[PDB]
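Scroll down for the structure; my scribbles are underneath it.
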Amino acid sequence: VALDXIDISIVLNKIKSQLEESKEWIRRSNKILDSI
Amino acid sequence: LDXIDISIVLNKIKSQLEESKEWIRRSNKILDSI
Amino acid sequence: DXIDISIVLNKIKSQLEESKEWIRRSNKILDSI
Amino acid sequence: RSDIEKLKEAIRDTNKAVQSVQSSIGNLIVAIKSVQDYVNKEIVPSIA
Amino acid sequence: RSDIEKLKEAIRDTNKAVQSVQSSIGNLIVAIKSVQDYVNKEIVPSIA
Amino acid sequence: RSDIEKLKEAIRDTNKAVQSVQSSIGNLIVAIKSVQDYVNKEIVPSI
């Protein structure tokens, strides 16, 4: 009846946020390399 | 023969995992040339 | 367990710990610069 | 050519390896969600 | 400012990206285990 | 002992950390596929 029996929305949102933090660090790394 | 059918996405993950392995191989190969 | 994925999940956790330690070794080397 | 230029390109390739891992994790989320959604929509109504 | 210091900080940022990915995979374990637990607890007792 | 040699080794260790992550993802595929297969083989026929 109620949306989501299995509710893993919070953990999936955490995984997405950690993936975006990871993408941010790679940007900061590529930024430095491009200046070499 | 797969109710749940995630064969397409699981193969895409493998493909992206193969690309990651090749990038690491290239990185180590460059380092080896030092 | 119905579904038992204990073997594989334990292997994943073990490989993550090895990954964490390789990063530790890497930062340790950069600290000596 | 130079050692510094080699180190730079080595890190560049490592960064691309990480980006591929990042994309793979985004698709792992898709796989888990597909299993979750099928169980919730097609199996759960039968047992609860 | 030196190319040596540029390379060093670039690797530290890359290492931070790997650590975020490590945390992401740890949470993927939790998500999969949540699906596994619901199936074994709520569904399996009715069909097996 | 040179700074170039140290950066080289640092990247080597970073690459090994990524390889371990690559192995963990390969096993994640196995874990997810095991859940899929059990549902399709043992549960779906019931419903």
Side-chain angles (χ1 to χ4, degrees), chain A residues 8-9 11-30, chain B residues 2 4-28, chain C residues 5 8-20 22-23, chain D residues 11-37, chain E residues 13-36, chain F residues 11 14-37:
Chain A
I8 51 176
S9 59
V11 63
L12 295 178
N13 283 20
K14 175 67 75 176
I15 298 165
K16 293 183 189 66
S17 69
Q18 289 166 333
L19 280 182
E20 289 302 332
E21 295 184 39
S22 183
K23 288 182 173 65
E24 176 56 32
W25 287 115
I26 290 297
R27 294 185 230 270
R28 291 168 144 168
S29 180
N30 285 331
Chain B
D2 314 330
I4 302 171
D5 189 353
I6 53 171
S7 60
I8 300 301
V9 63
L10 294 180
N11 169 265
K12 189 63 175 178
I13 298 162
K14 178 189 209 172
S15 177
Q16 294 170 330
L17 189 60
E18 290 172 355
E19 296 189 9
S20 187
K21 291 181 182 181
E22 177 57 19
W23 286 119
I24 292 296
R25 192 198 65 84
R26 290 164 171 264
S27 179
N28 287 321
Chain C
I5 49 176
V8 62
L9 292 185
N10 290 338
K11 191 67 175 181
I12 296 165
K13 294 182 193 167
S14 177
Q15 291 169 328
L16 283 172
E17 285 303 296
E18 290 177 24
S19 183
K20 287 173 69 195
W22 282 120
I23 289 298
Chain D
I11 304 169
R12 270 223 181 107
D13 295 337
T14 303
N15 288 349
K16 293 183 183 182
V18 173
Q19 284 183 311
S20 294
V21 163
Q22 293 166 350
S23 300
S24 74
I25 296 174
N27 280 313
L28 284 168
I29 297 173
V30 177
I32 297 169
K33 284 184 177 179
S34 295
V35 176
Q36 175 202 15
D37 288 337
Chain E
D13 291 354
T14 298
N15 288 349
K16 286 293 294 177
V18 173
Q19 288 178 323
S20 290
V21 160
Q22 294 165 347
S23 298
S24 298
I25 297 177
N27 277 311
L28 281 167
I29 299 171
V30 177
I32 290 164
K33 181 160 276 285
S34 294
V35 175
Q36 176 189 18
Chain F
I11 303 168
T14 301
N15 290 348
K16 281 175 289 195
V18 172
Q19 287 182 326
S20 291
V21 162
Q22 288 165 352
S23 302
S24 69
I25 294 175
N27 278 322
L28 277 172
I29 297 173
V30 177
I32 297 166
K33 173 156 179 53
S34 297
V35 177
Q36 179 205 27
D37 293 336

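Order of the sequence lines sets the chain letters (A, B, ...), proteins ahead of strands, with each chain counted from 1.
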Practice problem: Please examine the side chains of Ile8(A) and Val11(A), heavy atoms only from C-beta on, and report whether any two atoms are closer than 4.5 Å. | Solution: yes
Quiz item: Can you find a heavy atom in the side chain of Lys16(A) that is under 4.5 Å from one in the side chain of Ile25(D)?
Solution: no
Straight-line distance of [X] [atom1] to [Y] [atom2], nearest 0.5 Å:
X	Y	atom1	atom2	result
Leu28(F)	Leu9(C)	CG	CG	8.0 Å
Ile29(E)	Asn10(C)	CD1	CG	9.0 Å
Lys16(F)	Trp22(C)	NZ	CH2	3.5 Å
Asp37(F)	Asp2(B)	CG	CG	7.0 Å
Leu16(C)	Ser24(F)	CG	OG	5.0 Å

Is the backbone N or O of [Y] less than 3.5 Å from a side-chain atom of [X], with the two atoms forming a donor-acceptor pair by type?
X	Y	value
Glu21(A)	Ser20(E)	no
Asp13(E)	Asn15(E)	no
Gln22(F)	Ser20(B)	yes
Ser34(D)	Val30(D)	yes

Quiz item: Could you go step by step and tell me if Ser29(A) and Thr14(E) meet the side-chain hydrogen bond (donor to acceptor under 3.5 Å, both in side chains) rule?
Solution: CA-CA 6 Å; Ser29(A) 180; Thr14(E) 298; 3.0 Å; yes
Practice problem: Could you check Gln15(C) against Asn27(F) for side-chain hydrogen bond (donor to acceptor under 3.5 Å, both in side chains), going step by step and ending with a plain yes or no? | Solution: CA-CA 10 Å; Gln15(C) 291 169 328; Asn27(F) 278 322; 3.1 Å; yes
Practice problem: May I ask you to say whether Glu17(C) pairs ionically with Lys20(C), meaning some side-chain N is under 4.0 Å from a carboxylate O? | Solution: yes
